[PDB]
């Protein structure tokens, strides 16, 4: 079962509303006026250089960031070239990357929403057509549409009445979300 944690800041928001906000902020700091862009520029694979238990990336337009967690691998120039594949267990979205290999992994300074126990598994054989690829490739430019479709399918698997249009409080009522 997908498990979701969300800050109380978004208690009344739909999933699809929050992802639109995070994507807007990724594209433009002025989507959240008041914020300074000063996150120490880190990110990459942990441990890397091309495989890890996490892949993390922060916008350069803002300190919006994401952390993909699982068992991930990237092919570079090897056939299926430029494919991200493996197991995608979770996607955490928020503000500013901290940590890295030497602290036990990347974390977010402000973790806003986190989607976990995802069970996504894409094999190398599907190349860049794989789901894990599409999800994390979208997020690298702040495009949360591939992630959004996947959160939808997984919620409907828990309950065909839950969707990216359910608010986090409703998902919490459903036993799927947990407020933080």
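Residue numbers count along the first chain shown, from 1.
- [ ] Would you mind comparing 106 to 114 and 71 to 79 for me and telling me which has the higher average C-alpha temperature factor in the entry?
- [x] So the stretch with the higher mean C-alpha B-factor is 71 to 79.
- prompt: Which is higher in the entry, the mean Cα B factor of 20 to 28 or that of 7 to 15?
  reply: Per the PDB entry, the higher value belongs to 7 to 15.
Among 46, 145, 41, 122, which residue carries the highest C-alpha B-factor recorded in the PDB entry?
That would be 41, according to the entry.
### Message
Please say which third, lowest, middle or highest, residue 61 falls into when its CA temperature factor is compared across its chain.
### Response
It belongs to the lowest third of the chain when residues are ordered by C-alpha B-factor.
Quick one: classify residue 50 as lowest, middle or highest third of the chain based on its Cα B-factor. Highest third - that is where residue 50 ends up once the chain's C-alpha B-factors are sorted.
* Mind checking which third residue 154 falls in for C-alpha B-factor across the chain? -> Residue 154: CA B-factor falls in the highest third of its chain.
Can you tell me which third, lowest, middle or highest, the CA B-factor of residue 101 falls into for its chain?
Tercile = highest for this residue's CA B-factor.
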